[PDB]
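Here is the structure we will look at, set down as structure tokens.
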Amino acid sequence: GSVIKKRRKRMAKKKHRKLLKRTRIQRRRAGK
Amino acid sequence: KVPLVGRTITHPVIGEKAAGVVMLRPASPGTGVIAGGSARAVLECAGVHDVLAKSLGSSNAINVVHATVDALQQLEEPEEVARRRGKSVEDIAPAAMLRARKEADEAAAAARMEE
Amino acid sequence: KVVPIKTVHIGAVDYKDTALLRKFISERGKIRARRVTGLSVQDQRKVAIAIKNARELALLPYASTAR
Amino acid sequence: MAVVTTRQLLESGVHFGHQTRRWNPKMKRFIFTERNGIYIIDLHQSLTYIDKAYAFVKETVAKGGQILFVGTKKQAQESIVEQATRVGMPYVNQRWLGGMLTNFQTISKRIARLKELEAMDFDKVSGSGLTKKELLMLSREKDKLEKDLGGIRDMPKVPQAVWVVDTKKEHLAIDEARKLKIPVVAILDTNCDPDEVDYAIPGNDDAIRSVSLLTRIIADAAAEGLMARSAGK
Amino acid sequence: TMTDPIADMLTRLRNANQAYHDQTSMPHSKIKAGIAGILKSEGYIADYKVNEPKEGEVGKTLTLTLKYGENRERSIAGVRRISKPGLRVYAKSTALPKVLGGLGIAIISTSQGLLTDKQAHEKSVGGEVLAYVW
RNA sequence: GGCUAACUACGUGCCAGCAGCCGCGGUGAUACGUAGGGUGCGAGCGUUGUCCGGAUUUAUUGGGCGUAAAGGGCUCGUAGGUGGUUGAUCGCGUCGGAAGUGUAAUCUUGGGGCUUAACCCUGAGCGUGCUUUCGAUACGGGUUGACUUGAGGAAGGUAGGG
RNA sequence: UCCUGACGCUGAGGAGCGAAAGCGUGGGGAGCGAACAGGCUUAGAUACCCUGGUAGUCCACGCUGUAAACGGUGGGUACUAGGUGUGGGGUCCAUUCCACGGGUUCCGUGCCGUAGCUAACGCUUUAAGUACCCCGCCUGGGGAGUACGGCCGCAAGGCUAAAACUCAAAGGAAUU
RNA sequence: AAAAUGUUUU
Ligand SMILES: [Mg+2]
Ligand SMILES: [Mg+2]
Ligand SMILES: [Mg+2]
Ligand SMILES: [Mg+2]
Ligand SMILES: [Mg+2]
Ligand SMILES: [Mg+2]
Ligand SMILES: [Mg+2]
Ligand SMILES: [Mg+2]
Ligand SMILES: [Mg+2]
Ligand SMILES: [Mg+2]
Ligand SMILES: [Mg+2]
Ligand SMILES: [Mg+2]
Ligand SMILES: [Mg+2]
Ligand SMILES: [Mg+2]
Ligand SMILES: [Mg+2]
Ligand SMILES: [Mg+2]
Ligand SMILES: [Mg+2]
Ligand SMILES: [Mg+2]
Ligand SMILES: [Mg+2]
Ligand SMILES: [Mg+2]
Ligand SMILES: [Mg+2]
Ligand SMILES: [Mg+2]
Ligand SMILES: [Mg+2]
Ligand SMILES: [Mg+2]
Ligand SMILES: [Mg+2]
Ligand SMILES: [Mg+2]
Ligand SMILES: [Mg+2]
Ligand SMILES: [Mg+2]
Ligand SMILES: [Mg+2]
Ligand SMILES: [Mg+2]
Ligand SMILES: [Mg+2]
Numbered sequence: 002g003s004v005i006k007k008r009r010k011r012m013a014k015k016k017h018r019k020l021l022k023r024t025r026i027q028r029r030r031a032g033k
Numbered sequence: 096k097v098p099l100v101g102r103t104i105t106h107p108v109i110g111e112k113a114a115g116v117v118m119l120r121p122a123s124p125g126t127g128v129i130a131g132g133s134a135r136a137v138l139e140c141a142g143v144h145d146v147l148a149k150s151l152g153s154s155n156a157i158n159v160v161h162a163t164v165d166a167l168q169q170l171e172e173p174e175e176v177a178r179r180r181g182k183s184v185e186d187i188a189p190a191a192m193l194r195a196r197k198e199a200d201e202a203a204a205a206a207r208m209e210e
Numbered sequence: 009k010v011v012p013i014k015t016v017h018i019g020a021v022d023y024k025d026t027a028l029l030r031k032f033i034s035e036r037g038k039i040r041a042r043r044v045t046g047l048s049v050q051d052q053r054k055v056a057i058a059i060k061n062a063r064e065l066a067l068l069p070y071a072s073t074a075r
Numbered sequence: 001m002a003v004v005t006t007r008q009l010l011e012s013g014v015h016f017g018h019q020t021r022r023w024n025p026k027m028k029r030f031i032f033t034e035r036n037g038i039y040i041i042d043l044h045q046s047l048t049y050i051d052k053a054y055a056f057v058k059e060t061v062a063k064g065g066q067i068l069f070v071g072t073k074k075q076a077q078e079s080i081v082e083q084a085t086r087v088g089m090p091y092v093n094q095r096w097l098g099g100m101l102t103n104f105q106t107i108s109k110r111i112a113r114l115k116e117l118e119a120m121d122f123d124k125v126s127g128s129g130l131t132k133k134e135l136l137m138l139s140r141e142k143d144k145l146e147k148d149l150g151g152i153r154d155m156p157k158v159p160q161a162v163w164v165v166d167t168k169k170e171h172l173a174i175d176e177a178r179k180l181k182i183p184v185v186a187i188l189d190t191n192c193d194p195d196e197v198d199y200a201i202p203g204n205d206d207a208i209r210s211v212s213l214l215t216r217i218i219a220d221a222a223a224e225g226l227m228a229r230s231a232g233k
Numbered sequence: 002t003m004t005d006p007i008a009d010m011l012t013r014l015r016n017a018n019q020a021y022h023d024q025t026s027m028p029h030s031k032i033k034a035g036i037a038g039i040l041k042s043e044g045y046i047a048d049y050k051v052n053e054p055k056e057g058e059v060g061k062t063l064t065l066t067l068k069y070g071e072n073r074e075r076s077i078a079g080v081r082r083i084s085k086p087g088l089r090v091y092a093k094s095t096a097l098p099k100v101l102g103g104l105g106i107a108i109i110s111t112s113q114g115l116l117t118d119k120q121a122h123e124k125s126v127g128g129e130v131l132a133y134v135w
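Chains as they are written, first to last, in the authors' numbering: chain X, 2 to 33; chain E, 96 to 210; chain R, 9 to 75; chain B, 1 to 233; chain H, 2 to 135.
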């Protein structure tokens, strides 16, 4: 493994988790 | 040396060096060398005139050449098959193959005398 | 290596018996390592357990400190 | 030959081998008795194998005969050279180098260079004057070439067979020999391989005389064959 | 656990032949003995023998002694199991397999006992294609 | 231009444009445009669309999973798949005959007719199966009985931060 | 030695267990220490470093069910050179009539290494070799383990799991 | 002991 693959997946996951954190309230008001 | 049963391969073989797999089967006279460039060059230099060769695995020329080489080295000439099995060629090997070997040898005799 | 440290035999361990436990406790009061005490694994385990029991039960010092 | 059968072998101590620490597994059939750790050669089939080696060297000398006596161990340094010089048979004794058997062109070039220098250096040192550190360095190069090359002088072409002592030390010789398809006859103890030797002679290889009697008997065989070549011609 | 004793026989023979062993041994079964017999009759092994149990005292032991020619040359170029327990292969009298262009032999269990392809074709009988020994 | 059979000049100057991929064009462009020459085909020749091939690139024939994409975090266990040695028996799988059927055309092939061919007629094969029926019993399976070597248990011995 | 007499293996779905962090109720709280406050460094320092320091770390009962949960190597079985450490149970030998020692046998656990395998690195009886049985999984790189739906959860989230679009590479080992 | 960066040629 070149660790680059893990870094790419790491950034994608971290960005999605940040999106979930910032939109936590709206999802529980109407949605998942 | 490569065992030719009358201008064709003795029996089907599958060779592989590294990753270059090459399949060879004998063909009826007049079929030609149905082979890819590198394997076809190897067979044409070896003198096989009726053969069906397929290149499985990697297409690198060097590795395909080595795979054709050990596929040909895996060939097992009928007399030495008989020696291996402790029997006779008439007892081990197909009558059609032996016959075709005689007609090839005799046509060879014709060519030699004509010279 | 460790074969030159010949295997030593002790028989019964008997945490009450302070003589063997003193022979296997270090001059500072610690338990000696296996490669220096020359014991089998089972005998070393029994000696360590007996030393701990004697320590808790006042027959041996937890650390002899000053020599 | 007869070599008084097993009497000479037992008196010399050929039956000695190596202990259990290191061993070639292809010696399972070749086990007599586990005596004091050192493995024991039965020394019975040894007579048959040395007889077969004698027969092959007779056949090789009948077809003309060129045996290269290769040796490097301190137990054979002072033994190989004397018998090889007595029989007039090519030998190498110090630092069998990578090549020779495969570097034929380079080694022949060095043979010609040694042949010319062995005359021109002597002529220059005995005749016209010459400055120091030039004649000295040419003489030193001559000495190094003489040390690293002995009986290799006399070979017109590729040899016919190679005689190996302590194949573990002289491993490269057998690789070159198998690459160029020359017959090999070698002393092998309980740690060597029969796959890389065609005419295999088991026996000890750690004593000076243990290889010395074998090299002497094969030297006698070579001398007898060279004598018979006069009538063979 | 053991699933295909015939495949075990074939792999034992292949491994022993590759390692240049003179003899190989295995627990005995009737079909194993038959295959060993036809292997001997076709010249792929030197001989075979069924031994009454005397070490484990439990069951018969089938032992195959192999043959290597001049300059230590394999008499078996390979052996392959065809009718696997997971997927069984049956061949008709007309669709009998050819091994190594006819140089090798397929071992076929027919209704008339174990018969090499050549035999079966002569008798016009098919069956279960056990092996492709060549 | 290469794959791909067949090259030069003039014009243009990352412009105009080309391209299926690699790429070409920035001032000596065999890759753009034209011309000469050439090459492949030819009453056709190209382009686009679609399908199969090449692609073993879903691998039954015929692939893989340490690091290339790929071993479930681990175990228990249901259905299912699979089964050590051997006697007897059934004859479902399997194998071999027989009968029936698989229209014709198509397709393969032997003859024949259109001036040849395409096309057409005709004989056979094929129709890779199915049903019925008669056999074979080596193997798979069913039924049934043994054997202990796999597996489990008893008794004794026994190691351990389970 | 004894007993049973193939009772075996694997196992979709399902169920349970599952580091740490996290969550709920209650308790506890020395040390440590996200967040936080201050001091330094710095162009800035929402950091490294320093002084403080709350959740947490701990306990009870639940929940969550994820890890580079890795040997990145599913389980079972048979076979295929050795060499050499070490852990466990036997048994044998000589002097003992202990044990030191050697063997030998059965089961672990390392290292070296042959055949063989692999793109190479390497693996090599603890296989990544030769084979058979069953399960899980892969099919270019991104988009994406994301959206929609559904299930699970108190929540965090987990599980199942695309497509449009886009690139002609992404990648493995090794060489200089 | 901390001590950053390196557009578009043709
Ligand atoms: Mg491959
Ligand atoms: Mg061209
Ligand atoms: Mg121009
Ligand atoms: Mg396909
Ligand atoms: Mg396509
Ligand atoms: Mg693939
Ligand atoms: Mg696997
Ligand atoms: Mg991966
Ligand atoms: Mg795992
Ligand atoms: Mg899971
Ligand atoms: Mg079941
Ligand atoms: Mg069975
Ligand atoms: Mg029966
Ligand atoms: Mg018709
Ligand atoms: Mg006509
Ligand atoms: Mg029809
Ligand atoms: Mg049955
Ligand atoms: Mg018990
Ligand atoms: Mg009973
Ligand atoms: Mg679950
Ligand atoms: Mg916790
Ligand atoms: Mg809490
Ligand atoms: Mg609380
Ligand atoms: Mg701090
Ligand atoms: Mg872990
Ligand atoms: Mg994983
Ligand atoms: Mg599993
Ligand atoms: Mg496995
Ligand atoms: Mg072990
Ligand atoms: Mg692999
Ligand atoms: Mg999700």
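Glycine included, C-beta positions come from ideal geometry on N, C-alpha and C.
In the structure shown, B:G232 falls within a helical segment according to DSSP collapsed to helix, strand and coil.
Taking 3 residues as the shortest admissible run, the region 3-91 of chain H contains the following complete beta strand (DSSP E) segments, listed from N- to C-terminal end: 24-28, 48-52, 62-66. Burial check for X:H17: the Cβ neighbour count within 10 Å stays below 16, so the residue is exposed. By DSSP's assignment, E:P121 forms a beta bridge with E:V146. A buried status is given to B:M100, since no fewer than 16 other beta-carbon atoms sit within 10 Å of its beta-carbon. Secondary structure of B:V164 (DSSP, three-state): strand. With its beta carbon less than 8 angstroms from one in chain E, H:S76 belongs to the interface.
At least one CB atom of chain H sits nearer than 8 angstroms to the CB of E:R180. Residue-level contact check: H:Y49 does not touch chain E, since none of the beta carbons of chain E fall below 8 angstroms from its beta carbon.
Among the residues of chain E, those whose CB is under 7 angstroms from the CB of H:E43 are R180, following chain order.
Residue environment for E:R180: buried (at least 16 other C-beta atoms within 10 angstroms of its C-beta). H:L97 is positioned such that its CB atom lies no closer than 8 angstroms to that of H:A132.
With fewer than 16 other CB atoms across the displayed protein chains lying within 10 angstroms of its CB, B:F32 is exposed. Where E:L193 is concerned, the enclosing alpha helix (DSSP H) starts and stops at 190-209. The Cβ-Cβ distance between E:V146 and E:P173 does not fall below 8 angstroms. E:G131: not part of any alpha helix (DSSP H); DSSP gives it neither H nor E. Contact of H:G102 with chain E by beta-carbon distance below 8 angstroms involves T105, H106, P107, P121, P189, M192.
The shortest CA-to-CA distance from B:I174 to any of B:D206, B:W96, B:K52, B:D123 is the one to B:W96. Any Cβ of chain E closer than 8 angstroms to the Cβ of H:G57 would place that residue at the interface, and such an atom is absent. Around the CB of H:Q19, fewer than 16 other CB atoms lie within 10 Å, so the residue is classed as exposed.
The beta-carbon separation of H:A92 and H:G127, rounded to 5 angstroms, stays under the 8 angstroms limit for a contact. Neighbourhood of E:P173 in chain H, by CB distance below 9 angstroms: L104, in chain order. Membership of B:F69 in the beta strand (DSSP E) is indicated by the continuous run 67-70. Interface with chain E (8 angstroms Cβ-Cβ cutoff): H:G70 is included. When the five nearest sequence neighbours on each side are left out, the beta carbons in the same chain lying within less than 8 angstroms of the beta carbon of B:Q160 are those of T60, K63, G64, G65, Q66, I67, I182, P183, in order along the chain. Taking non-hydrogen atoms of ligand 1 into account, the C-beta of H:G103 is found less than 7 angstroms away from none of them. Note that the C-beta distance between E:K182 and H:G44 is below 8 angstroms.
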